[PDB]
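J.: based on what follows, work out the 3D shape:
(10 chains, ligands or ions: 1)
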Amino acid sequence: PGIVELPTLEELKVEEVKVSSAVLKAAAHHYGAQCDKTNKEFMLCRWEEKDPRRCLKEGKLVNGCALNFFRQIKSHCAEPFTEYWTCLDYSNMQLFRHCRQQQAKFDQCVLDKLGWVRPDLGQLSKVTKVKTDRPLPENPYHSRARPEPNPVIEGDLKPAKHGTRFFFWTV
Amino acid sequence: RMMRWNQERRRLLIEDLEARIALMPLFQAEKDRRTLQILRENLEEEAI
Amino acid sequence: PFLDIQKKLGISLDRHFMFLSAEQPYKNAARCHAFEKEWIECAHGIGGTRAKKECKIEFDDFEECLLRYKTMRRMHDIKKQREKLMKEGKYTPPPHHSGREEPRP
Amino acid sequence: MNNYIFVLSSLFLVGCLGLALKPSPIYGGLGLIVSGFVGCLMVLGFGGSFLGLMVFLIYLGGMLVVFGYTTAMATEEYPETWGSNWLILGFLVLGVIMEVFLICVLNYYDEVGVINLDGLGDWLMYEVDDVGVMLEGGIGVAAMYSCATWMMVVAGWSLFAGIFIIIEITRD
Amino acid sequence: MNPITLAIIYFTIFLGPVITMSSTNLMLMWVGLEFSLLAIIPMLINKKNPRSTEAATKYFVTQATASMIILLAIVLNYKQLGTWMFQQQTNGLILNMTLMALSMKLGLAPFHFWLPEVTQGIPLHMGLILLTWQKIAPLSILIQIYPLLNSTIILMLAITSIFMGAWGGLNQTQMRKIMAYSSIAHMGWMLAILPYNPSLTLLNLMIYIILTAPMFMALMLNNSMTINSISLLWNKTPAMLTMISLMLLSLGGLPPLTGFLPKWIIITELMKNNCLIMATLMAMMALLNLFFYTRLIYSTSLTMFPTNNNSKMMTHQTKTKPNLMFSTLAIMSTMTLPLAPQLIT
Amino acid sequence: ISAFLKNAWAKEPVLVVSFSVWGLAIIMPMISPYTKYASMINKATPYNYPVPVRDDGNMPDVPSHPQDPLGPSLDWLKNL
Amino acid sequence: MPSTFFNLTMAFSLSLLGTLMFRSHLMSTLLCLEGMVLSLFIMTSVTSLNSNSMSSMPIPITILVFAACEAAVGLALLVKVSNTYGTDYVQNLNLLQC
Amino acid sequence: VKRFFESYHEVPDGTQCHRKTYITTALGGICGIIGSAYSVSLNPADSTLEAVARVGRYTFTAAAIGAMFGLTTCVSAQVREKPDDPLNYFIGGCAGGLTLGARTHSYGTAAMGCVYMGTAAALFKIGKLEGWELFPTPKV
Amino acid sequence: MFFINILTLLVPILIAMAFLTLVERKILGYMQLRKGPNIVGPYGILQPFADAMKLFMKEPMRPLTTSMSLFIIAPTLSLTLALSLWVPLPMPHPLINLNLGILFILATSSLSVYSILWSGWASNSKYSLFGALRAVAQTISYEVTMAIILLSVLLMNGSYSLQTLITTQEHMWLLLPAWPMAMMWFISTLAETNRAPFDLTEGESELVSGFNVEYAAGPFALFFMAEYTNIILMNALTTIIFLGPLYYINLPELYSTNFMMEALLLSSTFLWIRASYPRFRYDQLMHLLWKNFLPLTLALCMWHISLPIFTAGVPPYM
Amino acid sequence: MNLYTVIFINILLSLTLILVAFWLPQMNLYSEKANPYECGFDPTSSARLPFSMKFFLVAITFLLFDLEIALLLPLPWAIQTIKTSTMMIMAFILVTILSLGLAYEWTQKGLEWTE
Ligand SMILES: CS(=O)(=O)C1CCN(c2cccc(Cn3cc(-c4nc(-c5ccc(OC(F)(F)F)cc5)no4)ccc3=O)c2)CC1
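T.: Residues are numbered from 1 along each chain as shown, chains lettered A, B, ... in the order given. Find the structure here:
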């Protein structure tokens, strides 16, 4: 019955990353500590609003922060990161345990020239708390007003008038 | 030996999955934006 | 139901996985989850006679999410009209509809 | 493609029809094996593999036992086939033709919620989780051990009782 | 049969209907039905005679077909509206095929041709179980979905069950088939009122059960399986003729016996819904049901058929049967109409 | 009884081993101090996204960042 | 999906038709029953995968369990029938007419 | 189609008599086909041709019964000008039973069928007049 | 490219089947104090080609009592499955990566029995039927323990995939923790192939040839090569599951080499066993698998269910 | 698609072999050659008669054991669950009940063949 609104092809245009997957897997553990704020704002805004149309500028900010991360990389430590993700793209599953000697060079490079530090075994896997300046939705499911329940008869219980009103029984 | 090796494998799995976690926001943004693009194209053509 | 033993002992042997809106493995979600949830929440505390009239909107949204007869009809009509056009030469699919597209990202 | 799952379902239908025509249980078990293979194929084409491989193994064992039994109880001097009896072959061909007719007349007079030859292959995998790690079918069937514990005890007791029951039935 | 096997099998028989009753999901109702029909068979075929084997076959095939149909209904109601248990928004075709299959199982007409045979081929203590304990789970299913059942179909089924039970038990010499047709008729009654009021079909079921169980006990006392055999009770167990006659007249539906109460309170609740014709026909044919019970009373108690030179021995000997429950049930099945208000609601 | 167990260990050792392994499988979980860690590990795995919460300003026990020293640590699994 | 379910329903109906319309042999009817089981299992699995409801996959496996138990007791009854009459024919168990 | 069998009550008796005849004949043929199915499945024949013979026999008999019923009913409604009278339907059921006897070659079946079908048809007319319900919906 | 890979996986398997017949004959000869083929070619490397060519040059038989359809389908299926079981095998990289590869193996193998069944039934000869029923018994015997052994092993692998066993054995064979299961699996693979001491499906001393007795040159060759291919297949399975070749991602060729060495060892062991032992009675096979292997198999399944728990050694899901 | 490709390639290889086996060689067909083989002499009957089975009970049991295997196979996934005690207990109960059924059959002499 009602129309469905959709953004325009320009309202949803960004500076895309256009970067492969092994490279992202190489840089993820550092991209988690350095963009947690914006990433989590976007994703909370996503689960809370359940609409990919209300939560779009946050995604553009996510893309921007990722681009800035990868530029901080491309400026200082392009070559170790290159070695790392090239070694890591060879495996049929892009495993870390096959490129440990290059991972260490990359992490030392960043620890030195950018102060970054690699997350530990279970830090990214947990629940943080993000502070946003957006209000809680009132009805994210857009549900209608629930029907009115049936009134509960009130009153103390008392025997039946003349007992069982069966055919010819006196009780 | 199998105990030790499977424990280290669990740890490596934690690592891979944490990488996936760090990356899921970007993928979600891209996927939503792309679905909206496809739907708007199909809308323009359904209008033509 | 006939012998509500469960509801007496306060257990759940067969009732925690009846409908799609129930707890699934690893907190996944069956499709039409929200429609089913809203139908159930509307039909709560009023009975099945009222629910057949007062949760009709919600049940129909659910039925459409699950079976999708109307999306099917709509896309079929669209394809039919497009085939008519192409037949009588009044339409040409744009590039992004013929494989040649800008593949974002 | 696009005609794939429909061809699978049609082959399953023909297998079940040739089964229902009741030839010697040898060829019936053959048709049942073929239908189970097709069912596996289609279940795999809908997303799930564990259930398909499962049903396939199960019916293979079952038809093994059924072969062993029919060679001992359900045999004849001249076992019947689909071709043996002109009437059975004729009704088989007739059933194929009637399936064709039903499909081609429902596409025309009926709506598209049942059979839509135009629009086929568009409605197989309605929704999916593109970023997903834990969607294998065996997760559900393993829920039996953790969540759906009732189905597990139920089936296990069914099998226990079945052992005792078949023993008692076969006692001479 | 060893006690371990007996334990497993009887526990399974008992468990089957319990799961069906105590379950919210239809699939588990189905597995309960299956437990029942898988565990009951060895108790039929235990005697190991051709009649027992063919009774077992006729029972198994029928119940398996009906179970597959019920399963199809459940699976369609799952494909539609994505839940297991039925709902108001469910296809009448599904509901009606479910009802038909449940009738097939119960043995209602015209799905009854297998019950008389299956009951004639087996011993009596199993016929008792078959006709009393195995008719509940189906009725549980039907009582959980009574608002959704079509009244046309159940009413046609009910009048058919009544007519066929009467006409069939009318010319039976074997007692087991008489009890089978009595079951068919009383199930027709149970079902004729189910959508309007299912608190009355449970009443009729309880009454039919407490009525048929002691009849079967009597038959098992002297392993009586024919009219000519029970005709010999005046020489073997004349202390049973009173209870026999009263239970028969009650089963028929004669006042002042509590076998008339189901008939009466069902006719009432039907005419409260303007079902004059159905109740009329049902009563007029319950009369025919009563007819052969009366012929049987003649044969057994109200006259004395010839006996044999050997029953003198049975007179010499002693007897440990029956137990306490026969008298209890036979008294609470004839002399309890005065308490009808307590029975009805 | 020892003689019965002995003549069985000599004659039918396969059933002896079967029952013994049955009992050990049923017992050792009650015995080991590394049994509690199975569920802890299967819980530590992030098969899903750790959906964040809104900073109402009353979540002192909850962290603002992965590398913020708050929440469950996995050291017990890093050195096990 | 809809065509698949229509064809599987038609297949169940054909197998039911076979089960109802006996021939000399009984094992053929047992096989038709197994075919109905197959149809229903497939329909249920397809529905659960189309709905992404991984909490209902434990259902079809139970279907298979109980179907195979039914088949087992059917085969046992078949054994007894063959021992009695020497064959699995249905026209031989017609003595309960009285 | 049910609109067909309901066309019987679109006009009162003594009208569209031929239509009533056709409708009642079709209904009789229906019932005869049902009975023949049940009589060939159970108590089968020695030959398929003999089974088809039995089918046609029962069906033509039922059709003739329905024909006479409807025809005589509408004729009596046309002659004595009492459309709302169960007595016309009694006469019709009686002619139908007399038919049933003619076919079976039994005067006893003729009399019994008359006195039973007449009662049944008269009660059917009474139910259509006084608005009875045969298979009513649960209302309480 | 994929078709070229199909060729590089198929034609070598058939050449290996042929030279496996060769090695069988020569090993059994030297064990029997004789030589084995040395005349046809240098040390006999042309006897298999001679046999095959001669067979496919002979008059096949279309008897009068046979169901020709199944009579012809059965060998087709036998060979097809014997060649299809080789596709999901990692050496160390498979041609078809299946998550449920183990179940594919199980199902295809349990299906290869219907070739024997339908052949023996179609042939319509008593010895053929006897071979078919013996195959029925053999399967009913071994198939129960096969899957439970395999599950008990996989409960430390974490999946039914054949490529996770490589990382599982990355440090140590699965024979050490599962050598009982390895022994039982070895004998059960010995039975799956209808191979001595379980050559009951074609027992020449009781049943002239069993299900082959009416089959002739070409189809018989198909049956025979399917047998001698499934042999190598099951050896490869044993040596991918319980024995672990060296996997260094920069060196899969070493993996293939060691895989081949171990497969040759296990196959030569099959031949050794054929030469060393008499033949069972097909009831004793059932009694064995149901009284010594199944109880122990259940006990070990429970043991390996518990071991990951009271050791915290539960494997990962990918 | 590749699995289909490989399997069809194998179908075609087998069928080619059979074609060139049935059409390449010279044939000379006659009844005494095409007749069944029963060790030099003529069959006394058809091979399509009831061949009694002495392990029918063991086959029936094999069906149920195959189902129990089907129920045991999801363990590789059931061990990834948080509720580990429940999985352990249920697996142990299942295997124990299976073994008890087998033991009852054994003792009552079901695994032994009718003679
Ligand atoms: C007293 S003993 O202990 O010594 C005793 C031990 C057993 N033994 C033995 C062992 C192995 C083979 C044989 C010869 N033999 C070969 C074939 C047969 N082979 C091929 C075939 C197809 C394609 C091939 O590859 C290619 F051609 F390239 F495709 C290759 C071969 N078809 O059918 C069939 C039957 C047969 O007996 C004999 C010797 C005697």
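
J.: tell me the residues of chain J that contact chain G?
T.: J:50, J:56, J:60, J:63, J:64, J:66, J:67, J:70, J:71 (CB under 8 Å from any CB of the partner chain). The C-beta positions use only the backbone N, C-alpha and C, and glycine is treated the same way.

J.: which among those gets closest to residue I:303?
T.: residue J:71 (18.5 Å; CB to CB).

J.: which strand or helix spans the closest one?
T.: helix J:56-72 (DSSP states H and E).

J.: what packs against the helix or strand following that helix?
T.: Past helix J:56-72, further along toward the C-terminus, the next helix or strand under DSSP H and E is helix J:75-78. Judged by 3 or more CB pairs under 8 Å, 6 or more residues apart in numbering or on different chains; DSSP states H and E, helix J:75-78 is in contact with helix D:138-146, helix I:126-154, helix J:84-107.

J.: of the ones you listed, which is nearest chain E?
T.: Chain E lies closest, by CB to the nearest CB, to one member of those: helix J:84-107, at 7.3 Å.

J.: now do that closest one: distance to the chain's middle.
T.: Centre-to-centre, helix J:84-107 and its host chain are 24 Å apart (CA atoms, centre = their mean, to the nearest Å).

J.: is any residue of that helix near chain F?
T.: Yes - contact between helix J:84-107 and chain F, assessed by CB under 8 Å from any CB, occurs at J:84, J:88, J:92, J:96, J:99.

J.: highest neighbour count among those residues?
T.: residue J:84 (26 neighbours; other CB atoms under 10 Å in any protein chain shown).

J.: in JSON lines: the residues of helix J:84-107 next to chain F, plus distance to residue D:92.
T.: JSON lines is the format used below for the residues of helix J:84-107 next to chain F (distance: CB to CB, whole Å):
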{"residue": "J:84", "distance to residue D:92": "54"}
{"residue": "J:88", "distance to residue D:92": "52"}
{"residue": "J:92", "distance to residue D:92": "51"}
{"residue": "J:96", "distance to residue D:92": "49"}
{"residue": "J:99", "distance to residue D:92": "47"}
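
J.: how many neighbours does residue 89 have?
T.: With no chain named, the answer covers chain A. Neighbour tally, residue A:89, other CB under 10 Å: 15.

J.: please refer instead to chain I.
T.: Per other CB under 10 Å, the neighbour tally for residue I:89 reads 21.

J.: distance-wise, check it relative to chain B.
T.: 23 Å (CB to the nearest CB, to the nearest Å).

J.: now do the contacts for that residue.
T.: I:162, I:233, I:236, I:237, I:240 (CB atoms under 8 Å, 6 or more residues apart in numbering or on different chains).

J.: and the helix holding residue J:71 with helix D:138-146, angle?
T.: Inter-element angle recorded for helix J:56-72 and helix D:138-146: 100 degrees (by axes from the mean of the first three to the mean of the last three CA atoms, to 10 degrees).

J.: other SSEs contacting helix J:56-72?
T.: Applying 3+ CB pairs under 8 Å, 6+ apart, we find helix J:56-72 packed against helix D:50-70, helix D:149-170, helix G:58-85, helix I:126-154, helix J:84-107.

J.: and the second one, does that touch chain G?
T.: Yes - judged by CB under 8 Å from any CB, helix D:149-170 comes into contact with chain G through D:151, D:154, D:155, D:158, D:159, D:162, D:165, D:166, D:169, D:170.

J.: pull out the buried residues from the helix ranked longest in chain F.
T.: Longest helix in chain F, counting residues (DSSP state H): helix F:13-31. Within helix F:13-31, the residues that qualify as buried are F:15, F:17, F:18, F:21, F:22, F:25, F:26, F:28, F:29, counting by 16 or more other CB atoms under 10 Å in any protein chain shown.

J.: columns distance to residue E:191 on top of the residues you listed, output as TSV?
T.: Listed next are the buried residues of helix F:13-31 as TSV, based on distance: CB to CB, whole Å:
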residue	distance to residue E:191
F:15	55
F:17	59
F:18	54
F:21	56
F:22	51
F:25	53
F:26	51
F:28	58
F:29	54
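
J.: chain J next: which of these are close?
T.: F:22, F:25, F:26, F:29.

J.: wait, isn't the third one in contact with residue J:95?
T.: No - in this structure, residue F:26 is not within contact of residue J:95 by CB atoms under 8 Å, at 10.3 Å.

J.: burial of residue 38, as a residue count?
T.: Answering for chain A, as no chain was given. 19.

J.: chain C is the one I meant
T.: With other CB under 10 Å as criterion, residue C:38 counts 22.

J.: got the CA positions of the helix holding residue J:71 in PDB?
T.: The C-alpha trace of helix J:56-72 is given here as PDB (Å, rounded to 0.1, in the frame of the first residue of the first chain):
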ATOM      1  CA  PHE J  56      17.100 -61.200   9.100                       C
ATOM      2  CA  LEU J  57      17.000 -60.100  12.800                       C
ATOM      3  CA  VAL J  58      20.600 -58.800  12.600                       C
ATOM      4  CA  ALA J  59      19.600 -56.800   9.500                       C
ATOM      5  CA  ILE J  60      16.600 -55.300  11.200                       C
ATOM      6  CA  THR J  61      18.900 -54.400  14.100                       C
ATOM      7  CA  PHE J  62      21.400 -52.900  11.700                       C
ATOM      8  CA  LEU J  63      18.700 -50.500  10.600                       C
ATOM      9  CA  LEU J  64      18.300 -49.100  14.100                       C
ATOM     10  CA  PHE J  65      22.000 -49.000  14.700                       C
ATOM     11  CA  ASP J  66      22.400 -47.000  11.400                       C
ATOM     12  CA  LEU J  67      19.900 -44.600  12.900                       C
ATOM     13  CA  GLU J  68      21.800 -44.400  16.100                       C
ATOM     14  CA  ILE J  69      24.900 -43.600  14.000                       C
ATOM     15  CA  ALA J  70      22.900 -40.800  12.300                       C
ATOM     16  CA  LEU J  71      22.200 -39.400  15.800                       C
ATOM     17  CA  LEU J  72      25.800 -39.700  16.900                       C
END
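
J.: now do it: distance to the chain's middle.
T.: Remark: helix J:56-72 is offset 12 Å from the chain centroid, using CA atoms, centre = their mean.

J.: longest helix anywhere in chain C?
T.: Under DSSP H, chain C gives helix C:69-87 as its longest helix.

J.: now tabulate the ones next to chain J among the buried residues of helix F:13-31 in CSV and tack on distance to the ligand.
T.: Formatted as CSV, these follow (distance: CB to the nearest ligand atom, whole Å):
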residue, distance to the ligand
F:22, 43
F:25, 44
F:26, 48
F:29, 51
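
J.: thank you, goodbye.
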